[PDB]
Each structure stands twice: as structure tokens, then as C-alpha cells.
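Data block below; observations after.
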């Protein structure tokens, strides 16, 4: 299982963070 | 109906601009409180609008010399109060007028002796109004 | 009935006429933006209730037609998310809803016509982009008609005012003449 | 046919795909699943001089701090920035 999915978290939060990191660059 | 023929040059140099801006404001004034998303151009007409309107308010028993009138009308017309909260303008003018009468009589005389607001007078009025505005709005 | 009463109504419906016209114009610009944004939203779209509309009324049968979550402040007040419609919807809006978790929305046809994991957020987004395009068109439409109805009422009331105005003068004069004769 | 879009832009109406996982697409994508991406961009628009600043800033919050799943969000931001 992926690290982010242990305490939390959804793939929706994954994509939300990744999308914002692209915009900020 | 006598109109401009009855005015001095000092008043005639500011009364025209004021008349036009208030006329343009009256067309838009009905939805001054019903236009949070309307464009900047009509937002500016409204902003200049109830500023000039506040400058037409006046207390009783202290009628003003023509040079004192144009110095306040010029300040609104040339845009120096557009960032000042509407509700504060009447109390601003009282303080401003007391200040110029007491300290800048030389300036008020220049608008009277020369019968208009020159570039020199314009520069001096800019310094006094802008710095005075920041102290008053605190 | 009486001149003072009509005077107040006339000032009221005159203000409404102006506001309704300005509201039509804001909605026309908001729809123009929405229809442009709907084009790439539909191609993206191709690939529990709970109810999608908005916070703002004056758009005809947008809220009533679609009417425990509901996106839009009208949804819960008639039957929960606030602050929708005023700013155009984003995928971030869809994510917020999906994270807090059929689909009932108004599908855009034309200016007059509308009808009622990761892909979960895609479906919510699709419904959002369609809904606002429909809502902005419908508000533009309804406000255009309201401003027209206000216009016709202003005319009708002004005519009633002036007939009453004339009748009052005539009646007063007839009483004066009768007393003098 | 091949369709490639973000929620806002359409690029296409062999395809190298990163698995989604932040990375390059050759016909930069953020995430998602026709190729669907939350943010899909050039390549001309990305900087990249500021992504290094973004990577270092994300690696600064990592040595925080601390509380789990916070944290997991910081690591995701590090993965997106490294790509």
C-alpha cells in the first residue's frame, strides 16, 4: 500500500496536491 | 437659465466638470448598492459619484468664499478622495477647510488674486489634501 | 388608488426596472464566460441523491426543478454547501464536495432551453459546468422579461397616476363651482 | 483515436504515460487516469527555476513536524516537485 494511504489519505488529495504543484511551477 | 454667465472664472473651471460627472452618476446611481460584479468603468462613475455628492453637503450659517468652494470642488473633481470612505467626507471637509483657512491663506489668496487654480496651486493642494487624508482616515 | 400610494409604487418599480436590466447585463457576461468554459468541459466530461443548483434566485425554474447534502443554499432552504454560483465553478469545488462525501443538475441546451474515485469528482464537475451555464442563461432570460414587465407596469401606473391627477383637479373644481352657484 | 485533456484545456480530441503519477507525457501531467489529468501543461510554461525553490521548500516542511498524514501531504508535494 502507498505511504499516503496509511494514516489517511485519498487519491483525491494526492491529485489535488500534484495539480497545485504544477501550477506553482 | 442664466447659468455660466453668472459665474467667476475660478468657479467656471470646476463647475462644468462636476456637473458632467454627477449627471453620469445619476444614470447609474439606482444600482449603486446592486452592482457588486459590474465593470470598473461604471464602478468609477459610482465612486466619483457619491464623493462629489458628499462635497455638496454643507453646514448652516457659514457661507463660503468662492476660493474656498473651488478648493474643495477641485479636490473631488481631480480625484483625491476616491479612496476615502463616503461617510467620512463631511467631517473631512470641516477639518480640511479649518486647516487651509488658518494655515494656507496664501494658497487661498492665490486662487482669488489669480482667479483660477494654477499648476503651482494644484501641486500645493495635492500635497495638503493627500497627506491630510491619510491622517484623517486613521 | 391615491396619488401618494402610486407615487411610492412608481419610484419602486422604476428602481426595479433598472436593477433587473443591470442584473440581465451581469448575467449575460457571466453566461458568455460560462459558455466558453463549457466547450472544453464537455470534451473532458465524456469520459445518495443529492442535488445541484446555487445560492442565488431570480433565475426562474432552476432551483425548483432540481428540488442529505445538496450543493447550493437554495437546495437546503427549500428542502450542505454555500457560496456557489457567484464565482464560476472549478474542479476544486467538485473535489471539496467529493471529499466531504444519480446526480441531479440542469443541462444546458440554449439561452432559453435547459433540462434536468477520480471519476466521481469528474461527474460532480460535469454537473457544475452545465448547471452554471444553464443558471446564468436562465437568470439573463428571467431578468430580461422582468425588466420588460416592469416597463409595462411603469407605463400602466403612470397612466393611472395621470388619470387620477386630472380627476382630483376636476372633482375639486366641481365642488367649488357647486358651492358658489 | 486519442483524447487528451485537463478540466480546462484540450490537447488532443504511441502515447507514453507515467503511472497517474506526476511526470512527462510524450505523444507534463500532474495526476488522474483517453488520458485524463488534473493539470496538463507545457513544457514552455513551466519554471522550473522556481520548481527547485518549491522542492527545497517542501523538503523544509518535511523536517518539521512531525504529526502523521500532514506530512504524508508534504511527501506527495516532494514527489510532484522531483518529477
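Just so it is clear, chain C uses Swiss-Prot numbers, and the residues here are 26-72, 92-111, 130-141, 152-173, 184-198, 231-295, in order.
Cβ from N, Cα, C; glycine included.
Pulled from Swiss-Prot:
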MOD_RES   C:39  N6-acetyllysine
MOD_RES   C:49  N6-succinyllysine
MOD_RES   C:55  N6-acetyllysine
MOD_RES   C:154  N6-succinyllysine
MOD_RES   C:154  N6-acetyllysine
MOD_RES   C:197  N6-acetyllysine
MOD_RES   C:270  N6-succinyllysine
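Comparing local CB density within 10 A for the modified residues C:39, C:154, C:197, C:270, the maximum falls on C:39. Each residue contributes its Cα atom, and for residue C:55 (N6-acetyllysine) and residue C:49 (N6-succinyllysine) those atoms are 10 Å apart. Counting every protein chain shown, the Cβ of residue C:49 (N6-succinyllysine) has 19 other Cβ atoms within 10 Å.
In three-state terms derived from DSSP, residue C:154 (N6-succinyllysine) belongs to neither a helical nor a strand segment and is classed as coil.
Just so you know, the Cβ of residue C:55 (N6-acetyllysine) picks up 22 other Cβ atoms within 10 Å once every protein chain is counted. Calculated from their C-alpha atoms, the gap between residue C:197 (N6-acetyllysine) and residue C:270 (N6-succinyllysine) amounts to 35 Å. For residue C:270 (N6-succinyllysine), the nearest of the modified residues C:39, C:49, C:154 in terms of C-alpha separation is C:39. The distance from the Cα of residue C:154 (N6-succinyllysine) to the Cα of residue C:49 (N6-succinyllysine) comes to 23 Å. Residue C:49 (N6-succinyllysine) sits 16 Å from residue C:39 (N6-acetyllysine), taking the Cα positions as reference.
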